[PDB]
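Q: Supplied in structure tokens, the structure appears directly below.
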Amino acid sequence: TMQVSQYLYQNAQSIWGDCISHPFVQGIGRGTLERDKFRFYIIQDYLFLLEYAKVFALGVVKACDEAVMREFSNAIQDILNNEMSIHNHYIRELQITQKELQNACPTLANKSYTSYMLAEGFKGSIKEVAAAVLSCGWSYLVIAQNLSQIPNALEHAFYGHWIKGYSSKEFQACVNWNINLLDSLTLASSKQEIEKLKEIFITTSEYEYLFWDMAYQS
Amino acid sequence: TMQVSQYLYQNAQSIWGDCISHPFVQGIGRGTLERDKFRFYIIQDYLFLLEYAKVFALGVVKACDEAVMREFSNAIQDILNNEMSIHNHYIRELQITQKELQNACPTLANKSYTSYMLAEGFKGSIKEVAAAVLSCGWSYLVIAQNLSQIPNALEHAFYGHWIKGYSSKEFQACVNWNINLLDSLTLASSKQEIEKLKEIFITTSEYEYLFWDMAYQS
Amino acid sequence: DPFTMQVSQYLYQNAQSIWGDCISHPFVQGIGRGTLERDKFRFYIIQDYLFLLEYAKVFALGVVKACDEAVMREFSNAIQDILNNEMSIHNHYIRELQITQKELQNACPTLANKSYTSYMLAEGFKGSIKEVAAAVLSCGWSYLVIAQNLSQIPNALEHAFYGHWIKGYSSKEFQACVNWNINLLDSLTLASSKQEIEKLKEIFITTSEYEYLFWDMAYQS
Amino acid sequence: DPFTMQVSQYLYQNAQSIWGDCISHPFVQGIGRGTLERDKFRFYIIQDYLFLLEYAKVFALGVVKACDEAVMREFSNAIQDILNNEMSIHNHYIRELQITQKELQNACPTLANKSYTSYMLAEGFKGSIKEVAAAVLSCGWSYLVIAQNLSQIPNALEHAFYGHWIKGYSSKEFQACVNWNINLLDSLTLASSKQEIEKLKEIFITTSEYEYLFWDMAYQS
């Protein structure tokens, strides 16, 4: 016995640990992080989400099964009109000018992380893409679950909304869909295939750490 | 002067001509086509639409511009939940068993046409994909505009709905978006690039004829 | 092994009838017993030339999708072969006939030509490296058997003109090349589900159908 | 031409500062005047070996995206070169040092390694063949200038160990290879909009940034 999604989670434990206790993330949980830094983040994360949707697009093209191919398409819609909760909230809450947005550059860390998901999806099958997009969602879910106790973490007039977002029932459903998808796609892969998937999954986990890092370096 | 979308249309005129006057299509316009044949068609067209959505997915990944990348994503949603007007109407109007559907095989003509759009999109830029998906929509629009006068073509208890569908204001908006997209993407391409686009556009036009053909061969 | 189903053998099984129709096609028969008119064969090798360009691209996809240097390298060689081994077969016949260097890159592929190469491309691009191994196999394997079969008429090989073609696709090099492809596919798939094998089989018969259609249009020349 | 902006020249302009930082990097300087310790260089050519495998894949993408046999064929040769010209440079140093055949395919690429190759891949796959021509250019061009510069110390070339490396990337072959890439890019782009050129420039500087980061991590060895 061993489900692949649990096995991957197991090997990512340490890294998500560092993420939860990163100055930037702890900064979100106890209101200590300064707006300047968070502003820089949500602009970068916006650029990041545009490239992330493309990996989901890749899922549409590589799914051979209308159910899954359709699930991915909804994912793309969510990424574009659910930030129409989180990211948009903060672009007008801070004041990100419509122009300033599409004037921004992704940082090397940003681009590296999205290129890597994209490239691994393109070189492999639909298992790789299900694997490559998993860290991102899952990690944010644990992170927000964790920050959920301070308390007043949720009460916070500004950072409260972000935490509320990534710990909601929808976000969790979404992560669950991705967990289940990956398990169903893989109950038949060899020891060697699972290794490769595991390698993708930690690698994207590393990029998450690097991302928070460059976000704080702001 | 010459807009590329008009120039492409120009060279496709003859072929769409043959399409409008094809026994299968005329059969739709004057109620003469037998259900058996149409049944076989909507099952094939269903398979075809699944592969077609993937080309739109390709558009998401190849668009570098949030506006267009988002327009493509809506296209994918339409293809999947607008057949939840046309195709679904006829699957329960005829009686296509849920199983029978995903049991069906595409025919060589079907696969050839979708592989070709896919392959040309993948080998080129976002101009090729905007070009590769255009025949399909545009041609159906002219075809339904044409069948729109018989009359009683629209009145027909069975075939009326299909004609109504592809001549509606939404479908036309949709075709227009695709026309405009292509023109804006190309006002800067060389004589040689336009040639290539033209070649894609007639080639897909040919596949449309072949498609009606195999549909009638039913 | 060997009490265990081999996918290549299973694929081959399901293509049997189609390859039969191919061996006994007017055009192929015509090659085996000198009866086919040069006009038709000219048209053919012009089309086959275009076809071979797009076919290289699928092997190129093999390089990008192979994660393993040995296979990644075997694919690269395959691309080189396709480019400079027609520098046996295709070139032989372009100067043997007289295909002007211009005339070549002036030619259009036919719907059948495009359809076939589009399909291998799209299936490779949508899938993993198993799909590409499966998508390029019909073409090599079937020419192998066809040439093996035409190999007895005899005087099939003796023929001053069509002899070289048959000689080509029955050589030990082409043979080894087809075997590499068979083995590659078997090593990549010894762990795939019933459903995955089905999909690969469906790719194999489809490209087999395109081969028959290809000869057809070559004869329709 | 030639009162008309050349994109390759414009790209080169914007990479100037970065390539400067590269030439004067501890690691590169270390090569130019024998001071760099073998441990670090060993680590490097192991990483560079992994890197070169993924780099071939981008040229492979060039084959599939080139629509023109000449360029499609030039890319194929580039892949062959990358595989059997390290059969000068990389192989030299694997036996010169002693890299066990196993040790090789046992190595992991580093985040910096992966990031760089992922980026060239993804940008090539998302774009047309102009993007691939642009994505693989930094790497060749910058090593060219670096080797040209290290070419004077002298005794830089004389050095019994590091000499061969410098000799390699300043040869007339590597030179011709970089020129092919420059010319290809200019022919593909003489019709592109301001906005398209910007995107290509952004690809060029980005891969230039990855080069610097690459040397960095090689020295961090």
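Here's how to read the names in the structure tokens: chain A, B, ... by the order shown, residue numbers from 1 in each chain, ligand numbers from 1 in the order shown.
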Quick check: residues of chain D within 9 Å of chain A, only C-alpha atoms, returned as a ChimeraX atom specification.
A: /D:111-112,114-123,125,206,209-210
Q: According to DSSP computed on the backbone, where in region 60-183 of chain B is there helix (DSSP H, G or I)? Give the residues as a tab-separated table (two decimals) with N, CA and C atoms, in the first residue's frame.
A:
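File produced: out_29.tsv:
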```tsv
chain	number	residue	atom	x	y	z
B	60	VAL	N	-5.25	29.69	-25.40
B	60	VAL	CA	-4.86	30.12	-24.06
B	60	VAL	C	-3.35	30.01	-23.86
B	61	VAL	N	-2.77	28.87	-24.16
B	61	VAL	CA	-1.39	28.80	-23.88
B	61	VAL	C	-0.56	29.69	-24.76
B	62	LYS	N	-0.96	29.92	-26.00
B	62	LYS	CA	-0.12	30.74	-26.91
B	62	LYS	C	-0.45	32.23	-26.95
B	66	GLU	N	-3.63	39.06	-21.68
B	66	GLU	CA	-4.66	38.54	-20.85
B	66	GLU	C	-6.05	38.58	-21.46
B	67	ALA	N	-6.33	39.64	-22.22
B	67	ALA	CA	-7.62	39.82	-22.90
B	67	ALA	C	-7.93	38.63	-23.80
B	68	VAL	N	-6.99	38.32	-24.69
B	68	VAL	CA	-7.19	37.27	-25.67
B	68	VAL	C	-7.13	35.91	-25.03
B	69	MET	N	-6.19	35.74	-24.13
B	69	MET	CA	-6.04	34.51	-23.39
B	69	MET	C	-7.34	34.21	-22.65
B	70	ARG	N	-8.03	35.24	-22.20
B	70	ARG	CA	-9.28	35.05	-21.52
B	70	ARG	C	-10.46	34.78	-22.47
B	71	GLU	N	-10.44	35.45	-23.62
B	71	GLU	CA	-11.43	35.22	-24.66
B	71	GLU	C	-11.42	33.76	-25.11
B	72	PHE	N	-10.24	33.23	-25.42
B	72	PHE	CA	-10.12	31.80	-25.68
B	72	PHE	C	-10.68	30.88	-24.58
B	73	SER	N	-10.52	31.27	-23.33
B	73	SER	CA	-10.96	30.42	-22.26
B	73	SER	C	-12.48	30.38	-22.25
B	74	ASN	N	-13.10	31.52	-22.52
B	74	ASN	CA	-14.54	31.54	-22.67
B	74	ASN	C	-15.01	30.73	-23.86
B	75	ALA	N	-14.25	30.77	-24.94
B	75	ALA	CA	-14.57	29.94	-26.08
B	75	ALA	C	-14.66	28.48	-25.67
B	76	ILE	N	-13.68	28.01	-24.90
B	76	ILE	CA	-13.68	26.62	-24.47
B	76	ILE	C	-14.93	26.31	-23.67
B	77	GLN	N	-15.35	27.24	-22.83
B	77	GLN	CA	-16.53	27.03	-22.00
B	77	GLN	C	-17.78	26.95	-22.84
B	78	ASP	N	-17.83	27.78	-23.87
B	78	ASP	CA	-18.95	27.80	-24.79
B	78	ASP	C	-19.06	26.49	-25.53
B	79	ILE	N	-17.99	26.11	-26.20
B	79	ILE	CA	-17.99	24.82	-26.85
B	79	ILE	C	-18.48	23.69	-25.94
B	80	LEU	N	-18.19	23.72	-24.64
B	80	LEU	CA	-18.59	22.60	-23.80
B	80	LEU	C	-20.02	22.71	-23.26
B	81	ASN	N	-20.53	23.94	-23.05
B	81	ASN	CA	-21.88	24.16	-22.46
B	81	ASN	C	-22.91	24.93	-23.32
B	82	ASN	N	-22.55	25.21	-24.58
B	82	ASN	CA	-23.44	25.64	-25.72
B	82	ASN	C	-23.98	24.49	-26.64
B	86	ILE	N	-27.29	23.02	-28.56
B	86	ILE	CA	-27.46	22.31	-29.82
B	86	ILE	C	-27.25	20.81	-29.71
B	87	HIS	N	-26.06	20.36	-29.38
B	87	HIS	CA	-25.85	18.93	-29.37
B	87	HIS	C	-26.66	18.16	-28.36
B	88	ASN	N	-26.94	18.77	-27.22
B	88	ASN	CA	-27.65	18.05	-26.19
B	88	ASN	C	-29.10	17.92	-26.55
B	89	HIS	N	-29.64	19.01	-27.09
B	89	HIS	CA	-30.98	19.03	-27.65
B	89	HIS	C	-31.18	17.77	-28.47
B	90	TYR	N	-30.30	17.52	-29.43
B	90	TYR	CA	-30.50	16.41	-30.34
B	90	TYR	C	-30.14	15.04	-29.79
B	91	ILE	N	-29.33	14.96	-28.73
B	91	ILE	CA	-28.98	13.64	-28.15
B	91	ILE	C	-30.14	13.06	-27.36
B	92	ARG	N	-30.93	13.94	-26.76
B	92	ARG	CA	-32.14	13.49	-26.12
B	92	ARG	C	-33.31	13.55	-27.06
B	93	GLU	N	-33.30	14.47	-28.02
B	93	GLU	CA	-34.33	14.45	-29.06
B	93	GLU	C	-34.27	13.17	-29.89
B	98	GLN	N	-26.10	7.58	-23.09
B	98	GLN	CA	-24.92	8.14	-22.46
B	98	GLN	C	-23.69	7.30	-22.76
B	99	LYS	N	-23.88	5.99	-22.83
B	99	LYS	CA	-22.77	5.09	-23.09
B	99	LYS	C	-22.39	5.15	-24.55
B	100	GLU	N	-23.35	4.87	-25.42
B	100	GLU	CA	-23.16	4.95	-26.87
B	100	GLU	C	-22.26	6.10	-27.31
B	101	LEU	N	-22.45	7.27	-26.72
B	101	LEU	CA	-21.57	8.41	-26.95
B	101	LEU	C	-20.12	8.02	-26.84
B	102	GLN	N	-19.58	8.04	-25.63
B	102	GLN	CA	-18.15	7.75	-25.46
B	102	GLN	C	-17.72	6.33	-25.90
B	103	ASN	N	-18.63	5.58	-26.51
B	103	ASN	CA	-18.24	4.37	-27.23
B	103	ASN	C	-17.89	4.59	-28.70
B	108	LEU	N	-11.93	8.63	-40.02
B	108	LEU	CA	-10.68	9.25	-40.51
B	108	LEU	C	-10.84	10.72	-40.89
B	109	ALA	N	-12.00	11.07	-41.42
B	109	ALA	CA	-12.19	12.43	-41.84
B	109	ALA	C	-12.19	13.31	-40.60
B	110	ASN	N	-13.00	12.95	-39.60
B	110	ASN	CA	-13.03	13.64	-38.31
B	110	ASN	C	-11.62	13.87	-37.75
B	111	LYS	N	-10.86	12.80	-37.57
B	111	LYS	CA	-9.58	12.87	-36.92
B	111	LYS	C	-8.63	13.69	-37.72
B	112	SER	N	-8.71	13.56	-39.03
B	112	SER	CA	-7.77	14.27	-39.87
B	112	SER	C	-7.92	15.77	-39.68
B	113	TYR	N	-9.17	16.21	-39.60
B	113	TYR	CA	-9.47	17.62	-39.59
B	113	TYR	C	-8.98	18.25	-38.24
B	114	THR	N	-9.37	17.63	-37.12
B	114	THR	CA	-8.89	18.02	-35.81
B	114	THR	C	-7.36	17.86	-35.65
B	115	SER	N	-6.75	16.76	-36.10
B	115	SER	CA	-5.29	16.71	-36.02
B	115	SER	C	-4.65	17.85	-36.73
B	116	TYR	N	-5.23	18.25	-37.85
B	116	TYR	CA	-4.59	19.27	-38.67
B	116	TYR	C	-4.63	20.66	-37.94
B	117	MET	N	-5.77	21.00	-37.36
B	117	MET	CA	-5.87	22.25	-36.64
B	117	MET	C	-4.85	22.22	-35.49
B	118	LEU	N	-4.91	21.14	-34.70
B	118	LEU	CA	-4.01	20.95	-33.59
B	118	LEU	C	-2.56	21.08	-34.04
B	119	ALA	N	-2.17	20.38	-35.09
B	119	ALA	CA	-0.76	20.36	-35.47
B	119	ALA	C	-0.31	21.72	-35.97
B	120	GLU	N	-1.21	22.48	-36.58
B	120	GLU	CA	-0.75	23.72	-37.16
B	120	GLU	C	-0.66	24.76	-36.08
B	121	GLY	N	-1.57	24.68	-35.14
B	121	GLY	CA	-1.47	25.53	-33.96
B	121	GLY	C	-0.19	25.27	-33.16
B	122	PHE	N	0.14	24.01	-32.97
B	122	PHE	CA	1.28	23.67	-32.17
B	122	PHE	C	2.59	24.08	-32.86
B	123	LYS	N	2.64	24.03	-34.18
B	123	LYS	CA	3.88	24.37	-34.88
B	123	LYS	C	4.08	25.85	-35.07
B	126	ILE	N	0.25	32.22	-32.22
B	126	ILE	CA	-1.14	32.35	-31.99
B	126	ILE	C	-1.92	32.81	-33.24
B	127	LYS	N	-1.22	33.22	-34.29
B	127	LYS	CA	-1.90	33.63	-35.52
B	127	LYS	C	-2.43	32.39	-36.22
B	128	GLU	N	-1.61	31.35	-36.26
B	128	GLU	CA	-2.03	30.13	-36.87
B	128	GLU	C	-3.25	29.57	-36.16
B	129	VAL	N	-3.35	29.70	-34.84
B	129	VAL	CA	-4.49	29.06	-34.22
B	129	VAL	C	-5.72	29.90	-34.48
B	130	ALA	N	-5.54	31.21	-34.58
B	130	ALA	CA	-6.71	32.04	-34.82
B	130	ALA	C	-7.25	31.75	-36.26
B	131	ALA	N	-6.31	31.44	-37.14
B	131	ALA	CA	-6.57	31.12	-38.53
B	131	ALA	C	-7.18	29.73	-38.65
B	132	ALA	N	-6.60	28.76	-37.96
B	132	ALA	CA	-7.09	27.38	-38.02
B	132	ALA	C	-8.49	27.19	-37.48
B	134	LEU	N	-10.98	29.46	-37.57
B	134	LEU	CA	-11.91	30.39	-38.22
B	134	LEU	C	-12.92	29.75	-39.24
B	135	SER	N	-12.43	28.93	-40.19
B	135	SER	CA	-13.32	28.27	-41.18
B	135	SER	C	-14.50	27.68	-40.51
B	136	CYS	N	-14.23	26.83	-39.54
B	136	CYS	CA	-15.29	26.14	-38.89
B	136	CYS	C	-16.45	27.06	-38.52
B	137	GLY	N	-16.20	28.08	-37.72
B	137	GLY	CA	-17.27	28.94	-37.25
B	137	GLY	C	-17.87	29.76	-38.36
B	138	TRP	N	-17.02	30.45	-39.11
B	138	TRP	CA	-17.50	31.30	-40.19
B	138	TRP	C	-18.39	30.54	-41.18
B	139	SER	N	-17.90	29.40	-41.66
B	139	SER	CA	-18.66	28.64	-42.63
B	139	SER	C	-20.03	28.26	-42.08
B	140	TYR	N	-20.10	27.71	-40.89
B	140	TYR	CA	-21.40	27.41	-40.35
B	140	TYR	C	-22.29	28.63	-40.28
B	141	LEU	N	-21.72	29.81	-40.10
B	141	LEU	CA	-22.57	30.97	-39.98
B	141	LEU	C	-23.20	31.26	-41.36
B	142	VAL	N	-22.38	31.29	-42.43
B	142	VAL	CA	-22.92	31.53	-43.77
B	142	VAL	C	-23.93	30.44	-44.14
B	143	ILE	N	-23.59	29.19	-43.85
B	143	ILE	CA	-24.47	28.11	-44.16
B	143	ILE	C	-25.81	28.32	-43.50
B	144	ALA	N	-25.84	28.63	-42.22
B	144	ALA	CA	-27.14	28.79	-41.59
B	144	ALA	C	-27.84	30.06	-42.05
B	145	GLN	N	-27.10	31.08	-42.44
B	145	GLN	CA	-27.72	32.30	-42.92
B	145	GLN	C	-28.49	32.00	-44.19
B	146	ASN	N	-27.82	31.24	-45.03
B	146	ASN	CA	-28.37	30.80	-46.26
B	146	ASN	C	-29.61	29.89	-46.12
B	147	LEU	N	-29.48	28.78	-45.41
B	147	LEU	CA	-30.63	27.93	-45.16
B	147	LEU	C	-31.77	28.69	-44.51
B	160	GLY	N	-35.30	22.68	-37.33
B	160	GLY	CA	-35.42	24.12	-37.22
B	160	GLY	C	-34.45	24.66	-36.20
B	161	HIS	N	-34.35	23.94	-35.09
B	161	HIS	CA	-33.50	24.31	-33.98
B	161	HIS	C	-32.02	24.50	-34.35
B	162	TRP	N	-31.47	23.57	-35.14
B	162	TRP	CA	-30.09	23.64	-35.60
B	162	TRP	C	-29.85	24.89	-36.41
B	163	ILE	N	-30.74	25.19	-37.33
B	163	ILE	CA	-30.59	26.38	-38.13
B	163	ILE	C	-30.67	27.63	-37.27
B	164	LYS	N	-31.63	27.64	-36.35
B	164	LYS	CA	-31.84	28.75	-35.44
B	164	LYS	C	-30.54	29.03	-34.70
B	165	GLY	N	-29.96	27.96	-34.16
B	165	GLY	CA	-28.71	27.98	-33.44
B	165	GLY	C	-27.62	28.71	-34.17
B	169	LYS	N	-27.60	35.59	-32.73
B	169	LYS	CA	-26.77	36.78	-32.51
B	169	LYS	C	-25.51	36.41	-31.74
B	170	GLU	N	-25.62	35.44	-30.83
B	170	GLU	CA	-24.45	34.96	-30.09
B	170	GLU	C	-23.42	34.30	-30.99
B	171	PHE	N	-23.86	33.34	-31.79
B	171	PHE	CA	-22.96	32.66	-32.70
B	171	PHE	C	-22.26	33.66	-33.60
B	172	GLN	N	-23.01	34.62	-34.08
B	172	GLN	CA	-22.43	35.61	-34.94
B	172	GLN	C	-21.39	36.47	-34.20
B	173	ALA	N	-21.69	36.83	-32.96
B	173	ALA	CA	-20.74	37.60	-32.15
B	173	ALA	C	-19.45	36.82	-32.04
B	174	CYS	N	-19.64	35.56	-31.74
B	174	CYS	CA	-18.54	34.68	-31.61
B	174	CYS	C	-17.66	34.65	-32.86
B	175	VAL	N	-18.26	34.50	-34.05
B	175	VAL	CA	-17.53	34.53	-35.32
B	175	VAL	C	-16.82	35.87	-35.55
B	176	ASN	N	-17.51	36.94	-35.19
B	176	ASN	CA	-16.95	38.27	-35.29
B	176	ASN	C	-15.70	38.49	-34.42
B	177	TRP	N	-15.77	38.02	-33.17
B	177	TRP	CA	-14.61	38.03	-32.29
B	177	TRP	C	-13.43	37.38	-32.99
B	178	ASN	N	-13.65	36.19	-33.54
B	178	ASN	CA	-12.60	35.47	-34.24
B	178	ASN	C	-12.10	36.24	-35.47
B	179	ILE	N	-13.02	36.85	-36.25
B	179	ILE	CA	-12.60	37.67	-37.39
B	179	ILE	C	-11.68	38.77	-36.89
B	180	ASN	N	-12.16	39.55	-35.91
B	180	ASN	CA	-11.40	40.71	-35.46
B	180	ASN	C	-10.06	40.34	-34.87
B	181	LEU	N	-10.06	39.29	-34.04
B	181	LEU	CA	-8.86	38.76	-33.47
B	181	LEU	C	-7.82	38.55	-34.56
B	182	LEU	N	-8.21	37.87	-35.63
B	182	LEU	CA	-7.25	37.54	-36.65
B	182	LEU	C	-6.72	38.76	-37.37
B	183	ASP	N	-7.58	39.76	-37.57
B	183	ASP	CA	-7.13	40.96	-38.28
B	183	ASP	C	-6.14	41.74	-37.42
```
Q: Enumerate as a PyMOL selection string the residues belonging to chain D that approach chain C to within 9 Å, with only C-alpha atoms taken into account.
A: chain D and resi 53-54+56-65+69+72-73+76-77+79-80+83+105
Q: Compile the contact shell of residue 46 (chain D) as a ChimeraX atom specification: residues with an atom at most 9 Å away, counting only C-alpha atoms, same-chain residues fewer than 5 positions apart removed.
A: /D:41,51,90,94,99,104,107,109
Q: Identify which of the residues A:83, A:63, A:1, A:217 lies closest to chain B, counting only C-alpha atoms when measuring atom-to-atom distances.
A: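 For chain B, the nearest of the given residues is A:63.
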Q: What lies within 12 Å of region 150-155 of chain C using only C-alpha atoms, ignoring chain neighbours under 2 positions off, as a count of residues only?
A: 33
Q: Rounded to one decimal, what separation in Å do you get between CA of residue 202 (chain B) and CA of residue 126 (chain D)?
A: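 Distance between the two atoms: 24.8 Å.
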Q: If you count only C-alpha atoms, which residues fall within 8 Å of residue 41 (chain A), apart from same-chain ones fewer than 3 positions away, as a VMD selection string?
A: chain A and resid 37 to 38 44 to 45 215 to 216 218
Q: Restricting it to N, CA and C atoms, dump the selection as a short mmCIF file (atom, residue, chain, number, x, y, z; two decimals), in the first residue's frame.
A:
```cif
data_model
loop_
_atom_site.label_atom_id
_atom_site.label_comp_id
_atom_site.auth_asym_id
_atom_site.auth_seq_id
_atom_site.Cartn_x
_atom_site.Cartn_y
_atom_site.Cartn_z
N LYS A 37 5.50 45.32 0.76
CA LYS A 37 5.92 43.99 0.43
C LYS A 37 4.79 43.16 -0.15
N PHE A 38 3.59 43.33 0.39
CA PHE A 38 2.47 42.55 -0.01
C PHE A 38 1.98 43.00 -1.36
N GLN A 44 3.17 40.27 -8.46
CA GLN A 44 3.87 39.12 -8.98
C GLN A 44 2.97 37.89 -9.10
N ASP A 45 1.99 37.78 -8.21
CA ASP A 45 1.25 36.55 -8.08
C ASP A 45 0.23 36.59 -9.18
N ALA A 215 9.35 37.35 -2.77
CA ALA A 215 8.27 38.24 -2.42
C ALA A 215 8.65 39.13 -1.24
N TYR A 216 9.43 38.59 -0.30
CA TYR A 216 9.82 39.31 0.89
C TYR A 216 10.99 40.20 0.57
N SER A 218 11.12 41.67 -1.41
CA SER A 218 10.25 42.53 -2.26
C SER A 218 10.86 43.56 -3.22
#
```
Q: Can you work out which one of B:199, B:155, B:51, B:193 has the shortest atom-to-atom distance to chain A, counting only C-alpha atoms?
A: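 Going through B:199, B:155, B:51, B:193 one by one, the smallest distance to chain A is for B:51.
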